Amino acid sequence: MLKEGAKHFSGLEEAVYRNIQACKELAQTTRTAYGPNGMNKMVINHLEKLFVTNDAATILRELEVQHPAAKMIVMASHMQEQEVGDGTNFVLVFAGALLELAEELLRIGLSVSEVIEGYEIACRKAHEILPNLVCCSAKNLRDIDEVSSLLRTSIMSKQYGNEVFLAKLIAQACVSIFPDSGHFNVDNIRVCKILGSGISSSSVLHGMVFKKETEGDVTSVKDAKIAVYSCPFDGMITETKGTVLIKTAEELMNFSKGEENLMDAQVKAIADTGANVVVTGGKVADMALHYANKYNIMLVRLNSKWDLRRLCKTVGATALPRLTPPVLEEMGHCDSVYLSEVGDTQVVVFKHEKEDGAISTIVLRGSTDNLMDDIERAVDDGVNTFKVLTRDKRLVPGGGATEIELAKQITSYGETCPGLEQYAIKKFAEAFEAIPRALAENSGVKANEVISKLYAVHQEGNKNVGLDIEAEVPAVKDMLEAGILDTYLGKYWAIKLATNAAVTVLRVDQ
Amino acid sequence: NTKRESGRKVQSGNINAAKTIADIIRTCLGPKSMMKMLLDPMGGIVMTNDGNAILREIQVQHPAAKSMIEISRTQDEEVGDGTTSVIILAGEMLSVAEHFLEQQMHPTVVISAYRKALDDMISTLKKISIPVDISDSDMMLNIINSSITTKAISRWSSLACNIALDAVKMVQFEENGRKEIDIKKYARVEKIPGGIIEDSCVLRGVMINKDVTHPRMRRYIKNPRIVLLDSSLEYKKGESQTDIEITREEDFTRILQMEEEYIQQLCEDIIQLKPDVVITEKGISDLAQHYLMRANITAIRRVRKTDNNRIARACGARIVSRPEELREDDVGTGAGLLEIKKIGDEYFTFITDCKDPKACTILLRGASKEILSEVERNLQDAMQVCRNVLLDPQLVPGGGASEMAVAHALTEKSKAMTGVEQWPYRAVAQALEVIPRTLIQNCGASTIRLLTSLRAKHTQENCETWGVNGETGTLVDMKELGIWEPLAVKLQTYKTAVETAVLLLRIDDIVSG
Amino acid sequence: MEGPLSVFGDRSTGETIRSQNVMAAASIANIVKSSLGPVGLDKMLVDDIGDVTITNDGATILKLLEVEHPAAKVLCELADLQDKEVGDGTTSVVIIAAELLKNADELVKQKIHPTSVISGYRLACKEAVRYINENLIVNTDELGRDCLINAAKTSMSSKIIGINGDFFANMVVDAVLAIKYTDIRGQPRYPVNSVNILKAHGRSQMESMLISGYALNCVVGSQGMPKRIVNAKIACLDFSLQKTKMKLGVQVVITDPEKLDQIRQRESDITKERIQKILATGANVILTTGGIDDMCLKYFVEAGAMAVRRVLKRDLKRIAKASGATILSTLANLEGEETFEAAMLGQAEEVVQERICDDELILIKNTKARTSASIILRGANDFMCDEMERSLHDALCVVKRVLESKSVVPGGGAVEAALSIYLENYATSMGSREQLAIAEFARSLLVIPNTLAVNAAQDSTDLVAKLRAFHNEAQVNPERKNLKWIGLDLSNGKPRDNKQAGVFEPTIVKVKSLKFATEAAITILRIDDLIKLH
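Residues numbered from 1 in each chain as written, not as in the entry; some residues may be left out. Chains lettered and ligands numbered in written order. Part of a larger assembly, values for the part shown. Heavy atoms only, no water.

Chemist: Hey, could you run me through the interface of chain B and chain C in this one?
Modeler: How large an interface is tends to be reported as the accessible area lost when its parts come together. If you look at the interface, chain B gives 48 residues, while chain C gives 47 residues. In this assembly, chain B packs against chain C so that about 4100 Å² is buried in total across both faces, 55% of it on carbon and sulfur atoms. Looking at the side of chain B facing chain C, the largest losses of area belong to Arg4(B), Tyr235(B) and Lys236(B), adding up to 16% of the total buried there. Viewed at the interface, chain C and chain B are joined by six salt bridges. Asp230(B) serves as the salt-bridge partner of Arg264(C), at 3.6 Å between the closest nitrogen and oxygen. If you look at where chain B meets chain C, you find 18 residue pairs in polar contact. Those elements that provide at least two residues to the side of chain B that touches chain C are α4 (64–78), α9 (250–273), α11 (305–316) and α17 (487–506) of chain B. Considering each element in turn, the side of chain B that touches chain C owes the most residues, four residues, to α9(B). In terms of residue class, the side of chain B that touches chain C is built from 13 nonpolar, 16 polar and 19 charged. (Contact = heavy atoms within 4.5 Å. Buried area = accessible area lost by both parts, 1.4 Å probe. Salt bridge = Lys/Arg side-chain N within 4 Å of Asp/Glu carboxyl O. Polar contact = N/O pair within 3.5 Å; in protein donor to acceptor, adjacent residues only side chain to side chain. Helix = DSSP H or I, 4+ residues; strand = E, 2+ residues; numbered from the N terminus. Nonpolar A, V, L, I, M, F, W, Y, C, P; charged D, E, K, R; others polar.)

Pasting the structure below:
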């Protein structure tokens, strides 16, 4: 501080200033997101797919900043996504809007040893009565609209219009094939990207769905010993053309000899490894192809790690290079294996159905990934929100319809308590409007208009805005009795977690 | 010419110069007080309790630096207090509400907000305004000694409590309305150079420095008669307009004495007729006026008909064209008391006059020349309560607490009011609580948590009655503590402050012309 | 400016002096937009570092403004000359006047020949002329539920401070109908100029006391002559009695003070002799316009007298006209021996004076030359009456503006924003350059409400949402009725169903601005040969 030396990225002014500033400015995404929005972010991690996103996690994945809080705080926001898929586009803006509320009190000179407490105290008071404002619950998880209702806040939060069929599709996916007894799996039920068809045509094909081509035959038996090999067939010794015509009529044969009789013993020992399906991370040679069909081994011409990973995951596989007679440490998991036409594409389908280890797989059909990923993003954050492992989601008013409910809870409780925390608690009664504004922003009105008319509804529970004409002038969309609902789980987290972030980030001076 | 300035930027220009004035004299305000230093470009020391005094003496900006003088001069004309309070409320509130509200995009509901945060303000003020009795100079004391200490004077306060508290009761508008609330004509503040607190007598009537200036002028005829011209004098103080030419040197002098000779021949007629008093409203110069001293007469000169005719009713005189002419007494005796208390040989006529139109000049004597103006401002700060208490026995104990009573109860009505209305309502209601907490600053300790508890105390126990004082910075009953906030004051200090608010909120452009 | 800066004087050489004019037209219009009407915010107009003024008036700023641009030149006069027309359209012309000269010359230059485009900004205005004159639809005060009473009320209830529209639903009726006078504009109209209305201080914060006949302003304590005798007749006097000076002057030419008082004292007694003749003729009360000084008061106090003096001539004028009396039928002299006449007797059932609030008026009951009423506004202070009276005058005026015209148009741009898409589709009707020509104006009937409700911060795109909710293919209709509400009430920012409120304007004030709208456009065209002067 008074030294030429030592270190800091934070402190003094900065702690009061820079640590609050950009952490807020992060919220611009979540300021436009979480709840129905057409507003999106083109995020180019340079993939040659230029990625539309409102999802904070993969917005913040690129974002890097010297502000130690904003450096850190994305942790709690990403620690959130781990715990709930939805509510994450809520996390960053709420505290971010709740932050400079304290900084204004810092301009008033209300201490860091003071203000955040009242937040934390009203963070209690929230999570105290936050379970009281729980209303519904998602009970039968085989049921569509108990699942698709939770989904109907969550995908909605990420993205608006596509949500409805997705919610159906995701509930029609029956992520309840996992009994949700404490069981859920992100790889077993997986997204499978299919270029073309519709995204309304995007389906759930149970099993493991590989848009990669099943080559030659299908499995000998449906309980396969699944040969998942990074390079089982790279070719053994390749043919050549020398003269821009032929090299030599004589030199042609000996390389097929090495190719064939190796890939003979190769695929014969792909048969002697007992592989019913050989799953090739690399290419296939037509000789091994011929061998894969004679030796009766389902062949997959090419495999992305997307296959190989889930293969290693599900099958117990290890994707292996082979120029040699193999052995299966992969074996199978699967009770069924197929070439099915899904996306109306010939698809490598590994399959079985159980409660546990069961692969029941989303198949997304879309012209691009930016279609099939951000929507998947929108999708899976409901699938993620489906993951509670308390089967009843304890559905609160969705669409953030509990804002106005807790808002008058906290502001009345901020009236009760004396001392500077009464402000902080009343300041905690404030940042509610962020998403109602974030809605009203992408909807196009100020939360004041919204929230004051929803200060007129007082205790309501149902009405809260979104992206819609109802969210502009009427200040009302019915987000409790809706079809649009959200679990108490992410309610337990985001209010606390975004606080857990905001706790010490003003305290950190160095 | 062709120029356009815009809205919130002009509103900010209205914010800027005012926001500076909102600070020092706010610190100078109340029991926790300061001074505003003014650096002259040559270095001369200037410090006052009034920043507008500092503004008049330095650069004043065309924005509210000009206006916060104006509307405080507007505040200075009316109750003669709160100018210090108006500057610090207006620019503050304009600095407070606008940004929060204009980012919500409206002056519009803010247009309604100031009079709504005025509404409950005016409302519960009068409701918690505690009756303080007019008949008692002691039960007018705690309020008027509070008012004269709003500018931090207990010095001549109690003495202004003596003279003025019954004096505004003796102030009568001759419309026979109030009376009780009195503009300054029928009640004036006029002083005698030097003197002493007993050379200060309670003086409830007009005081003519010109009634008796000299001893050869009238001496204690307890009911004089003020003669205006018309017979004893005439309507000519003239010039014979003698022809002139270069060859006549004596001709320049005759036209010079001719103005005096007609002034003389009227006073010569006064020498002939010999009243006790003549009022010459055209005025008489030194020459002919020295001739009225041998006739046993005072010469009252170059005063006004209004004052004279009131003086007539005030001192027991009346307008009659001659002393030998005797028609009737409109006032046989119109005086409560007749005094002349001289400083030096120059005489000063004190005529104490009860419920006359008069001037109600309230004799105000500093111990010497200099603090006379103190006693003037104090007897002026006196008559503020004196016209407030006599009008309104109700006046709020407070001004630390009344400022709290207003603020906390205002947004407390947003709990009742709500709507989109609440947001500009509270925002124009936000800045008020800070005024005591601005003074609780110089109480040391925590200026915030005190008022915080006091803000709780506001609706908890009581508001302006039992509340924060600038002397305490903490809860005391402002009645039991004797700190009083005149009801007429709060109805104004905020008003003219919120008057300049909506205006400077609504003035969105300054053209080159 | 813009373009070549080396040739001064509105040679920017090409549209540079057209655009610098239209961008100035837009700029000079930027002054008045946020100034438009009362919702248009008062500007604080710097006249100098030490000189300012605060006005939202459209014609007040621009008279103060300097304009060396030709299009800025035509805009100031249009604000002023339409103010010179009415005062409705100080603000109104300014907004589109920026547009139409910007809208005119563009196609005029395109010429198949410039004559074609000129009507496009006249034609739609002409088609607005009919539509505007086709409006009885809103602003009609004569057609109420209570008629004049609600025409009072709704116009009072527009400016309402209070119970305005309760007792004041009566008064604007009472005020216009207490007036028998020859001022007439077009169809028969009754002056709100001649209304005798005075202020009360105390008693009711808001009440209107309705008294028969004219009530003459008077006060006690300023006259030592007792002025009060109950009678049926008054003497209205243009005349004076003063003991100081009545026929008397001063002498600076005379040295002797004896000369002044000798001719002075004669005039003092003849005042007491003249009061006897004015009284004893017919009149126990005698109403005198000429006054007495506070000094002269003493002379009339201690020498005694009778008369009612220092009374407003405007009333004593109106009273004698109302009460059948005469203001001066007799005196060619001020003499005391000059007899008084019985024609100056007020013809009245009684001469009575109600002092109330500590405010006294001389009530002339049953004025027999014509009916009258002097309505006493009850405030607790006198400025409460102005809030009433300001609510009254415009209520008086708007009814008088409905006394100006039967056909009357709604305040606010629901009149315009209707024809807007009506006539901007009528652009397409003729098509060609006229679809350009007609739209340029008919796109601009959208913009006035975009200024109007936004001055109320209503985001008039929400208003035009409500406006063109009324404005339909099914409702193209000014009619005289509303199957669409064509009213836009500018005390709000959104339409209200008041057609009797004081904000609305007659058809007289509008078709005027229609010329003014098109006036900034082609006025600047007729020039030829842009040049440079050394």
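Chemist: When you look at the UniProt feature "binding site: ADP" in chain A in this model, what are you seeing that I'm missing?
Modeler: Residues and elements named next belong to chain A. The UniProt record annotates "binding site: ADP" at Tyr34, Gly35, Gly87, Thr88, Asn89, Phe90, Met156, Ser157, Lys158, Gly399 and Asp486. Taken together, the annotated residues stretch across 453 residues yet fold into one region, lying no more than 13.5 Å apart by C-alpha. If you trace the backbone, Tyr34 turns up in the loop between α3 (28–32) and β1 (41–43). Under the relative-accessibility criterion, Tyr34 is labelled buried at 3%. Once you skip the residues sitting within four places of it in the chain, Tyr34 turns out to touch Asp86, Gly87, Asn89, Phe90, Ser157, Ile435, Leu439, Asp486 and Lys491. Structurally, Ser157 can be placed in helix α8 (residues 144–158). Other than its neighbours up to four places away in sequence, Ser157 contacts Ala33, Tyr34, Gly35, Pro36, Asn37, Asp86 and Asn89. (UniProt positions renumbered as here; feature names shortened; annotations may be inferred. Buried < 20%, exposed > 50% of the residue type's maximum accessible area, 1.4 Å probe, protein only.)

Chemist: Help me understand the pairing of strand β10 (residues 394–397) of chain B in this model?
Modeler: The two faces of the sheet receive side chains in turn, since in a regular strand these alternate between them. Residues and elements named next belong to chain B. Bridge count between strand β3 (residues 130–131) and β10: two bridges; the pairing is antiparallel. If you follow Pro131 over to β10, its bridge partner there is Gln394. Pairing of β10 with strand β13 (residues 484–485), which is carried by two bridges, proceeds in the antiparallel orientation. What sits directly across from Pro397, in β13, is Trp484. (Pairing = 2+ DSSP bridges.)

Chemist: Explain the interface of chain A and chain B to me, please; I cannot follow it from the model alone.
Modeler: Between chain A and chain B, the residue contacts involve 16 residues of the former and 14 residues of the latter. Overall, the association of chain A and chain B removes approximately 1100 Å² of surface from exposure, summing both partners, and the carbon and sulfur fraction of that is 58%. When the buried area of chain A at its contact with chain B is split by residue, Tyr423(A), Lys446(A) and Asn448(A) rank highest and sum to 38% of it. Taken together, the connections running from chain A to chain B amount to zero salt bridges. In this assembly, chain A and chain B are joined by four residue pairs in polar contact.

Chemist: Teacher, can you tell me more about the pattern of salt bridges here?
Modeler: Where charged atoms from two side chains of opposite charge approach closely, those side chains can pair. Following the criterion strictly, the structure yields 65 salt bridges over all chains and no others. Its salt-bridge partner being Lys477(A), residue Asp468(A) comes within 3.4 Å of it at the nearest N-O pair. Between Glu174(B) and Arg313(B) there is a salt bridge; the shortest N-O distance is 2.9 Å. Taken together, the residues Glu174(B) in the loop between α8 (157–163) and β4 (207–208) and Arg313(B) in helix α11 connect sequence positions 139 residues apart. The exposure class of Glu174(B) is partly exposed, given its relative accessible area of 41%. Put simply, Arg318(B), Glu325(B), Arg327(B), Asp329(B) and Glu302(C) are held in one network by salt bridges that share partners.

Chemist: Would you take a moment to explain the packing of aromatic side chains for this structure?
Modeler: Two aromatic rings are characterised by how far apart their centres lie and by the angle between their planes. Within the structure shown, the criterion is met by 15 aromatic pairs over all chains. Each member of the aromatic cluster is reached from another via a ring pair, and the members are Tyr34(A), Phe90(A), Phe94(A), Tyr119(A), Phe428(A) and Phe432(A). The ring of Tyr17(A) is capped by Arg107(A), whose NZ or CZ atom sits 3.9 Å from the centre of that ring. The ring of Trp423(B) carries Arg426(B) above its face, with NZ or CZ at 4.9 Å from the centroid. (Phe/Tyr/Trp six-rings, centres within 6.5 Å; stacked < 30°, edge-to-face > 60°. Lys NZ or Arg CZ within 6 Å of the ring centre and 35° of its normal.)

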